[PDB]
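Only one chain is given next, in structure tokens, and it is the form solved without the partner chain.
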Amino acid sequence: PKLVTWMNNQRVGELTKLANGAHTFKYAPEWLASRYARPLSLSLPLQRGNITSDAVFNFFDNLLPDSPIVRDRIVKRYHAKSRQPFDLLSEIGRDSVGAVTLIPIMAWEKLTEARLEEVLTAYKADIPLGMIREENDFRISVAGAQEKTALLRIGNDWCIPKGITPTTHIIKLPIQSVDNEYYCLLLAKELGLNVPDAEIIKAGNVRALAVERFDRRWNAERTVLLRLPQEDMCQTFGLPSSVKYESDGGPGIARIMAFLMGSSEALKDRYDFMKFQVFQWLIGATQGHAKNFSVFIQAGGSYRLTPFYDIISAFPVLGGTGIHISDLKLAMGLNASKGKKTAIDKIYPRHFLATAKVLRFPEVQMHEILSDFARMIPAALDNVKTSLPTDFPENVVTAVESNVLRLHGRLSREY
């Protein structure tokens, strides 16, 4: 049938699946006439009538977990009509990344430590996104291939939101990734990068990562929780999650930098994006694909980059399973004298400078970024280390700082 699409308390339009299986979307005239109307996606510009392009199917598919296995679980959990996005979202689309609420204001159930552990380990019983069969009003969806869930934090209590109430945190579970990401987010923050705050939460013998959502915002008085429109780069370019990597045809640095020229914060966003490329290289982050970058869609359809997220270093995984440093590749390659430069172990300042030059990113700014990491990295690693718990896995810290300092040496010798 039909899924009515809401942005907070406003009707945006409807998603329908035709008798031919095609996914179509139509904006409500009331939405189109609203003062600050904005599109669901920059790939789905405001217009009247049914939109039938592949961009519709892809946009909504990108709201679901990437893994075909996780999708199998959802189907089995809610006896979904099929595996298509419309049918899976009919079941779990009330709360997803961004502000799209799909249904065919503030209510919740507080969780006890015992119940919290139940949700956080439900995946062991083939439960998708911690949506235990016990509940029936816990419908959430979150993209990405890593096992996770999402919860509502009210004060210092964890809660399962009911109906259309939003979640406030994305909870990532162990597939040592929890400690890895925790460390990387702290290092990012220490270096002045825009990333969300996160904390390691405990529930029995379970250790998960609770990441504060930047697609959610409480009003000043903390009485109402709103969702903020947001989409990832696959969505913004109308592409399927299957091509998130540049090697599979997804957007690279050049395409995203050109797209950011249209940002309401273009110069800042371009600078921050290039800075983050140098950061990913330094920490051996190999999964900076298109779905790991997003933009907020603002009133009137303007857009701006969101904070960076899903930051994992490959360094702690080296050697243990035979992966060598020479095997680490940036998801989005840099310019090389000939072709591209992708090997973290072979990249130097010259590659960032050559890339900036061809992309019209000021050379002075690129030097600034490189020189800033050259003098700040040592102190940043130390400061983070001192901020880590005492039970934090020392091997993670060792693997990351030794490998970061090794690459950092390349910057300090130049700057």
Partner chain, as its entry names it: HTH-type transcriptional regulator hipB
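Positions refer to the first chain, counted from 1.
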(request) Please say, as none, 1 to 3, 4 to 9, or 10 or more, how many residues of the deposited sequence are without coordinates in the interval between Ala114 and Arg115. (result) none
(message) Counting only residues that lack coordinates, how big is the gap in the deposited sequence between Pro104 and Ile105? Pick none, 1 to 3, 4 to 9 or 10 or more.
(response) 4 to 9
(request) Would you mind comparing 280-288 and 149-157 for me and telling me which has the higher average C-alpha temperature factor in the entry? (result) 149-157
(message) Tell me which stretch has the larger mean Cα B-factor in this entry, 186-194 or 264-272.
(response) 186-194
(message) Quiz for you: based on the deposited Cα B-factor, which of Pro389, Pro68, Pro39, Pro378 is highest?
(response) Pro389
(request) Identify, among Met131, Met233, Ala314, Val100, the residue whose C-alpha carries the highest B-factor in the deposited PDB entry. (result) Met131
(message) Please place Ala254 in the lowest, middle or highest third of its chain according to the CA B-factor in the PDB entry.
(response) lowest
(request) For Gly49, return the chain-relative third of its C-alpha B-factor as stated in the PDB record: lowest, middle or highest. (result) highest
(request) Place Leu15 in the lowest, middle or highest third of its chain's C-alpha B-factors, as listed in the PDB entry. (result) middle
(request) Using the B-factor values recorded in the entry, state whether the Cα atom of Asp248 falls in the lowest, middle or highest third among the modelled residues of its chain. (result) middle
(request) Relative to the other modelled residues of the same chain, rank the CA B-factor of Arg304 and answer lowest, middle or highest third. (result) lowest
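Separately, the form solved in complex with the partner chain exists; it is not shown, and the next lines address it.
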(request) Classify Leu267 as contacting or not contacting the partner chain in the deposited bound form by the rule of any non-hydrogen atom within 4.5 angstroms, answering yes or no. (result) yes
(request) Report yes if any heavy atom of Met376 sits within 4.5 Å of a heavy atom of the partner chain in the deposited bound form; otherwise report no. (result) no
(message) Residue-level question: is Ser241 within 4.5 Å of the partner chain in the deposited bound form, judged on heavy atoms?
(response) no
(request) Decide whether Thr101 counts as a contact residue for the partner chain in the deposited bound form under a heavy atom distance cut-off of 4.5 Å. (result) no
(message) Counting any heavy atom within 4.5 Å as contact, can you tell me which stretch out of 347-355, 61-69, 378-386, 38-46 lines the partner chain in the deposited bound form?
(response) 38-46
(request) Go through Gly163, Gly204, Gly249, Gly301 and name the one with a heavy atom inside 4.5 Å of the partner chain in the deposited bound form. (result) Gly301
(request) Go through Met261, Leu193, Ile132, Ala107 and name the one with a heavy atom inside 4.5 Å of the partner chain in the deposited bound form. (result) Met261
(request) Can you tell me which bits of 329-367 touch the partner chain in the deposited bound form, meaning any heavy atom within 4.5 Å? (result) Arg360, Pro362
